[PDB]
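S.K.: experimental structure and its sequence below.
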Amino acid sequence: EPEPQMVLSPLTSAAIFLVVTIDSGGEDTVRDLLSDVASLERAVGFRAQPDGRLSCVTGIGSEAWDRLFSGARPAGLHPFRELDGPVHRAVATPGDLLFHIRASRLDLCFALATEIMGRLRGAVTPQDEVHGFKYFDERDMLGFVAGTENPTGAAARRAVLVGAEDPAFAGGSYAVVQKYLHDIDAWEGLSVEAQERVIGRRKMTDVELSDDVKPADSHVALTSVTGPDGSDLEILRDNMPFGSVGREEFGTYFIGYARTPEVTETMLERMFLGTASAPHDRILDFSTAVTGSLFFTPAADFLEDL
Amino acid sequence: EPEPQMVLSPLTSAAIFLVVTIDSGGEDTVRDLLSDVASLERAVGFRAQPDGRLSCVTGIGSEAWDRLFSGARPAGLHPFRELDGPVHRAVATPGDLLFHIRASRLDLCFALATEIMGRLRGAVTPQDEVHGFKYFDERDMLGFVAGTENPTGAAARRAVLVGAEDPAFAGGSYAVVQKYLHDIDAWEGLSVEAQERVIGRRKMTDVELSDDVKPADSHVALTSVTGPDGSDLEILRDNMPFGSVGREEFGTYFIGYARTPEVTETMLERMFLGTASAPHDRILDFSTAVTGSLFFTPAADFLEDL
Amino acid sequence: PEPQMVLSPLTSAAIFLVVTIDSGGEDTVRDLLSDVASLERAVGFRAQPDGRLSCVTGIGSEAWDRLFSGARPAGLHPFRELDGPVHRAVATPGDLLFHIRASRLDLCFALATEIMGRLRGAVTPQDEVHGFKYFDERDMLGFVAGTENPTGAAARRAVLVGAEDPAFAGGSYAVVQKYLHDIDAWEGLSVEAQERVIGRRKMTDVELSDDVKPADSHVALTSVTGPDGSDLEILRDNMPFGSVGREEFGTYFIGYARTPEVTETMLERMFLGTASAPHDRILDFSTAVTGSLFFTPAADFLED
Amino acid sequence: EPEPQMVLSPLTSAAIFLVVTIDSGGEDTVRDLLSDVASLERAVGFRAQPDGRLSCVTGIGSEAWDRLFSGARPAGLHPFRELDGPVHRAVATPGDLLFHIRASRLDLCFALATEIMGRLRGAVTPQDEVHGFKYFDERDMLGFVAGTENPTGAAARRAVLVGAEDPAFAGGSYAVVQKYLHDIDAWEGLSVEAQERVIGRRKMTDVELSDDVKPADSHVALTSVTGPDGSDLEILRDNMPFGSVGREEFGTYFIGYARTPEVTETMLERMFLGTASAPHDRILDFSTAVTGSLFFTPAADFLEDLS
Amino acid sequence: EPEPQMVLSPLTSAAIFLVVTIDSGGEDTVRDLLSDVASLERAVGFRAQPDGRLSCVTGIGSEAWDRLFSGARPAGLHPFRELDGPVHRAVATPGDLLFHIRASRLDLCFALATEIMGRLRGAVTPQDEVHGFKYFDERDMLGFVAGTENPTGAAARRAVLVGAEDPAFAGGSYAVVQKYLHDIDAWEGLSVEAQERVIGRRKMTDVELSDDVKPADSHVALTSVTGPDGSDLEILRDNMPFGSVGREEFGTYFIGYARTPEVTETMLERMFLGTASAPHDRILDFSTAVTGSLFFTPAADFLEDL
Amino acid sequence: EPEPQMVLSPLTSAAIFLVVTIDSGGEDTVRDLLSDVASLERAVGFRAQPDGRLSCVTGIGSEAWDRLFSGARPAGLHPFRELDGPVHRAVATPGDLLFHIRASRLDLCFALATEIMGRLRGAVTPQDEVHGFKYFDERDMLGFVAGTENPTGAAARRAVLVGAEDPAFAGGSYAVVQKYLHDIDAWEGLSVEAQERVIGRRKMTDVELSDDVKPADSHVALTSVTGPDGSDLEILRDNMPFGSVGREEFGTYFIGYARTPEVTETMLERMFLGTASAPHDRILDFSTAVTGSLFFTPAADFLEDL
Ligand code: HEM
Ligand code: HEM
Ligand code: HEM
Ligand code: HEM
Ligand SMILES: [Mg+2]
Ligand SMILES: [Mg+2]
């Protein structure tokens, strides 16, 4: 049975997201680092266990894959597709490698980031670095609980991990990232009731709005998708607030894992392009995407063997 | 007894340092915020007690004092004094207000910073914003334990709080801040034993080097100061690592509190200008100061009674 | 099939809610059942990982026939009243059980509030108990409670319906009884006399050896062996409760099993006695004031 | 300095409030129990330290004081004064002894309540027993954070503990209790902004409303009181949710400690009788007081030195 | 105010008790270590704060005091007085220095013991070393709660710290130690009710037996002492279980702190020699003392000024 | 179907290792105790759950197996093989039963050890008893992190548990124990860099030395072993510091579990007897083995069915 990366992590209150491009000639250095990244994760994290909860999920973009590896490609790997909606746009931005670093403390994330980037200096150019922090009651930058309807247990494994449909890549996953900046002033001018109509859940109690009252352009309504057999299509999300008070930057860093990118891409199409009943996701009236990238996160043993 | 701000805080693993200047006409907005800052600290922090450990210490610079208040000035308040040493320089940079925000989690620091800056928008210009994180075993960016010889209990109160020498300002303190960037590549080229000779303490065990082995230009030797009667002159420090892996920025944010700025200024003169036996503090061969400011942190009731 | 959270980690707080379904309340009940897992997530998620909030939902025999058509679970029937020579196990009404557990009573209460909010006008409350465990896992009699519960695979095999009733695989059967204790009479016994009642040492929680353990001790009467000589096991999560002002000092008994026959055989031994034991000596200090049986379906049964 | 009881406790998530009356002839049994209550607190609590945080504050009503003790009375002790407002009433109900029992866990509260009541059986009649639990984010039954503006440290000592003004009773305090039941249906029919105008603070963030927006009949405006010199008069509160979902009982148990009952009584008068600018505290349109009692909580050494 | 050592510590679950004798010629090495012991405590303990709660109380015996120091001596300092009762004996055993090391974890105790003994190698001979552990519910090796009636707060300071009666030594205390081994087989032959009559408290609930049932030769009755003016004479105890299962050694390490040794010695006399109404403390029928030593624990600043 | 003992335990900060021999005639008493050991574990441990994490792993030696049981032997069970190297020796010492007791607190370990030894008095002779404690940062007595490269999850199950190759004993494991005493004086005379060359990892950061610099006689190089198919052969280790400061005993108690003893024995041979490129493991120049024994730890159901 192939060993996945730590895509299914315990709850963590801190994260670093690192997106880089691989410079010309940097391929060999990158391959060496990939074969050591799990041993660096253990080195940094083991002595802080059990409370540290340090993990690193490593992802590779479509164009980078062809530069690094010969043989088969993962079936669903392609560049992030830009969505040019009537009002809102989901931009595509460059990224060859993702490091999704999570722990209970930002310092542990930083120590691992420092070791990873130390080995890659001269081979990569940083595109994005975000230091994320979750609020103490699992709330996001909009004041709502984040993570409630994530799948757990076997339902999570089924939703996230590549299996028999792409057997050479079993135990992998696909990550989509988007960095969002919020208009906090406009958001906080809404009443709580109007915010609940945007999200589709109660703010304080986190109870879902009933079907008869939930707006068709609420976030929860548009990101609820049923498959060909009427089962729910699910993804696993670990959105993280970030910001700078001096620069008035108040953000949500979105990351979503799925067994195939088609699930995530269908959700994004509904959000940005809308449906028969909804012009677009009302969350986008307060949130602007400034990055967008797609990565394949291979099985841990795939990385170890190169 | 006047009530001090939370200068003597429990150990915290997260901090935000905010330094701002007061714009033309911003005085009244600032005074209103100062009279509310303790109540904002309670609002953000109380529901996360007892583990949150959220506090905010507010400081006011020399020039800002005269713009905000009439009547007496604190006796020791003056602008930061630039030190132009033979090799190393301690720069002065602008700052009218300091907010030293501490907690066990960065999100609580950020929430308070957001409320404070929300009330000040349009009245202040940000000069510096640093998000600090301490390593899980109380280590700093150089890999040494940080805080070991800080005073505690009654010795700390005596060292930090203004008393009968300046009775109108009893329960206040003086804060000096400097942001340092490290040359980590050069530091990590030293052996552990060579690093220990720079600091003056063992790296793994944090035991002080004996007087016969401790170099005269070690950090602990230069920052050890005796008064006219041979008593130790002490300050309270809460130095915090910070940085950005993508920008190769690895820093220490220095903050030191003392009952009179003369103690901290004597330490800085020994570090930057040296003594008969030491050209300068060897820590400065790996650390460059890029900011420097001095603030008076009044008793909490002084702020409240505006 | 995915079970409900019958096998929970240890919790220090609980709310037990038993209700009857009023005439015309069926539809409101069915709607709540299809939402109960989503309400559990909504209340519990923001207090993770320490909250450990869960809700196990059970349905009685008479209620089942009112709510659902098609197959019944094979073992579902009303609680059987036991009229012993001295002690009686009463049957009391109950159509739905909510067994709510967490590390803190406030989280239990928040979920109970949301559940009862959705059911108002459709149900009548029969019982509500707010349970608390003592800091050293002791019960109201001063003994450690839960020691011999099965764990891991043995727990799954003992508690979850399987291939013997395949349409209801992943379900379980819950028996509840509320007991009030005579604490004055109990505390008049020596520790050694109490140990002979229970069958375990009080301070150290070591089982009394076979040569000293009385036949009418609680542990001896609730030890039952199957056709192949294996132990028949149940999973228990007994909770203290009470009111100091009313001198009410209680144990809320709940036992889960794959078939109610195991639990019912234990109860018959306790209340009716055997050739070797008049009755369970624990019953000389404990009176049952409720008794109900529920089937707790697989979580996916409720969600559909 | 005389030693207070644990009036200023760390934050606790569980409480039991026990109010009893002393039966005729029960005085001697009561006095014996009072001289042992500290030792019972240690017996129950010590083996659960450091996490248990078990404490018991013992209070004695005005009429009970006269029955138990033959010497001088605390200067501010009198029976709770009923407030008969144009709309709302603060009832006075019987109570001779208060046991305010706090810990991190309800079982530790219950163990101590059991030991106390075991010694008093036959000498007292129970009037009220409430098992309180705090919501995990310090919220009350109305969904608002409770405790935010309580004084801390030296300001709390100065506000709560009797000093030089009544030297024989230094280290004591005065407790007012009221059990409130809420109309949760009516409350949940308000918008969040309408709730915020009732309380005087933002619901989600717990930031106080500006002076320009905060209504005169908000709870925070009516319970804000300044003294003869313009200093704030403060009390220490440890309000606790309680209830029963089956009976639709959703409550707040109010307890407030103060160095003199006059501060707490002034706040209650403003709430129930109103001011020039406010008919009454709007929180009372959603909250009914069903008990009301006043107690003196003596210094610990006063209790220990008894026959 | 003179600063005491950490005689009144928060609750700790681990301890090391180290008793040594000073070898001929070892005086100078010992004096140097004493002047450094608080700085060693900070070095070992700081990086495990706030939960470590590492402290070291240092005591000096009567004969050692006269070897190390000249001039005035603490008023009550003498060698432990052997008690030769009709049945039971309290032995005096050699000991010049006590290190009473406490923390929430044994490893912190061990690290500090290692540093202390490292500085003293060649100057001292070990007489006793005990590694103590508390049971999870504060119980001792007899199964009873230990520590319940210790004084707290102000009453503890008054009972333990030397004051105006010996002003040159204000802020000190006197420690008596005795290592006890228990005859667990004999003890476990009693019923619980018979055990309770030995101790004077209920076993499970730790409620004191009422005056009408408490025997005169119970442990709590013999260790309850009133002074000529009616006040309770109290000591502070931090008894620790210890043992070795293979050697069937089950013990209690007794340590009692008091402002004068007269209080502790009066308790010991009542235990071992008895009263008019009690032949001896019944706890001694199941407990044998194998060490006995007395130490003065000076104010912290006395040690620092060497 | 078979239920293993708790070989794969969560991390624990305390342990007791008890090794006994079975006296002539003690076999029946031992068999009775083995059938009850799981129920004693529950009795002691249940009331401290969920934080106690008390477990006991029971092992049986080769000669004891033949005295206790008839029918099949586990295929790999034999007495520990003495290794007589040119410089260093791995001695074989007597041991019939191992009790490897772990918990979050030493109290719980001690209570269970007391109950076990209580049942076996008169049937067994203690050979070794060690009370282990972890340093707060997972460090050993040499100052290095211990446990970093242990297998986890499925890789741990595959490495440790007997399966289809010995089907009657599926769910069992083999334990090798050695008690080591260190020469701490000689070790602390090395520079940190010289220590790192002994171990094969960086001291402070726990990063493995790269292949070009790692010495062939480093500990990590000699204990890295590849199988016939090029896979890494792994074991699960739960080494625990122990000691006595007064006797200058500073130790590491080695325990290693594996599905077959040949893996552990190949590592030992490389350490003690060396390779073409390394005379012996350099860790042995600072570490002396004073015990050595091998045990089979059966499935839990094997013990219960006695
Ligand atoms: C007043 C009610 C009760 C009290 C206070 C109580 C208490 C206890 C205690 C202290 C134990 C020993 C520790 C443990 O394993 O939990 C025990 C064991 C047990 N109890 Fe009860 N119990 C009660 C009622 C019941 C009822 C009604 C049943 C069955 C229908 C039951 C079945 C069991 C079983 C099966 C055991 C495990 C026996 C064994 O060691 O195999 N109990 N109970
Ligand atoms: C139904 C009963 C009550 C509820 C639900 C309630 C709730 C609250 C809330 C949510 C706050 C704001 C947060 C805080 O500082 O705790 C508050 C503040 C306060 N309450 Fe109440 N309360 C009640 C009864 C009372 C009573 C009866 C009194 C006085 C006799 C009182 C005195 C106060 C005071 C002095 C404050 C702080 C006001 C300020 O200075 O900011 N409360 N209460
Ligand atoms: C022999 C081993 C010892 C054991 C196992 C032991 C055990 C206990 C226990 C279980 C208690 C009751 C709970 C408490 O308040 O701590 C206690 C109380 C006490 N013990 Fe001991 N003890 C021992 C030796 C000593 C010695 C040698 C002294 C005095 C020299 C002493 C002085 C006290 C005192 C003063 C109390 C408090 C009595 C009261 O005022 O209530 N103990 N001890
Ligand atoms: C003096 C006794 C010992 C000490 C202080 C010691 C210490 C260590 C240290 C510090 C590590 C590096 C971090 C890690 O745990 O992975 C290590 C790794 C290891 N040790 Fe030891 N050890 C000792 C004895 C043994 C023995 C006797 C064996 C085998 C029989 C052994 C097998 C291993 C293995 C397999 C590894 C992992 C190597 C790798 O794949 O990276 N050790 N040891
Ligand atoms: Mg009978
Ligand atoms: Mg014996």
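M.R.: Now that the structure is in, tell me what you want to look at. Numbers count the residues shown, from 1 in each chain, chains lettered A, B, ... in the order given. Ligands and ions are numbered 1, 2, ... in the order given.

S.K.: just give the closest residue to residue A:14, not the sequence neighbours.
M.R.: Once flanking residues are discounted, residue A:14 sits nearest to residue A:106: 4.3 Å by CB to CB, 6 or more residues apart in numbering or on different chains. Where you see a C-beta, it was placed from the backbone N, CA and C, and this is true even at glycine.

S.K.: give me the element residue A:301 is part of.
M.R.: Taking DSSP states H and E as the definition, residue A:301 sits inside helix A:300-304.

S.K.: so which residues of the stretch 201-306 of chain A form strands?
M.R.: Ranges of strands in the stretch 201-306 of chain A, per DSSP state E, counting those that start in this stretch, are A:225-226, A:232-233, A:236-237, A:240-244, A:249-258, A:287-289, A:293-297.

S.K.: tell me the most buried of those strands?
M.R.: strand A:293-297 (a mean of 26; mean count of other CB atoms under 10 Å in any protein chain shown).

S.K.: send me the helix holding residue A:301 as CSV with only the CA atoms.
M.R.: What follows is helix A:300-304, C-alpha atoms only, in CSV (Å, rounded to 0.1, in the frame of the first residue of the first chain):
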residue,chain,number,x,y,z
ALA,A,300,5.7,10.0,0.2
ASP,A,301,7.5,6.9,-1.3
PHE,A,302,7.5,8.4,-4.8
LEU,A,303,9.6,11.3,-3.4
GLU,A,304,11.8,9.1,-1.2
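
S.K.: hmm, that helix in reach of chain F?
M.R.: No. Using CB under 8 Å from any CB of the partner chain, we find that helix A:300-304 stays clear of chain F, coming within 9.6 Å at best.

S.K.: what sits up against that helix?
M.R.: Residues external to helix A:300-304 that are found in contact with it (CB atoms under 8 Å, 6 or more residues apart in numbering or on different chains): A:2-5, A:34-35, A:37-38, A:58, A:169, A:171-172.

S.K.: which parts of it are buried?
M.R.: Of all the residues in helix A:300-304, those buried under the rule 16 or more other CB atoms under 10 Å in any protein chain shown are A:300, A:302-304.

S.K.: do the same with stretch A:267-281
M.R.: A:267-274, A:278, A:280-281.

S.K.: and residue A:90, backbone torsions?
M.R.: Dihedral angles of residue A:90 (phi, psi; degrees, to the nearest 10) stand at phi -100, psi 110.

S.K.: name the residue of the stretch 1-150 of chain A that lies nearest to chain E.
M.R.: Of all residues in the stretch 1-150 of chain A, residue A:51 sits closest to chain E, at 11.4 Å by CB to the nearest CB.

S.K.: excluding chain neighbours, what is closest to the residue of chain A found nearest ligand 2?
M.R.: Nearest residue of chain A to ligand 2 (CB to the nearest ligand atom) works out as residue A:204 at 13.7 Å. Using CB to CB, 6+ apart and skipping residues adjacent in sequence, the residue nearest residue A:204 is residue D:143, 5.8 Å away.

S.K.: please name every helix or strand in contact with the lengthiest helix in chain A.
M.R.: Determined from DSSP state H, the single longest helix within chain A is helix A:27-45. Packing contacts for helix A:27-45, counted by 3 or more CB pairs under 8 Å, 6 or more residues apart in numbering or on different chains; DSSP states H and E, involve strand A:55-60, helix A:62-68, helix A:106-120, helix A:300-304.

S.K.: please redo it, this time with the cut-off set to 6 Å
M.R.: With contacts taken as 3 or more CB pairs under 6 Å, 6 or more residues apart in numbering or on different chains; DSSP states H and E, helix A:27-45 sits against helix A:106-120.
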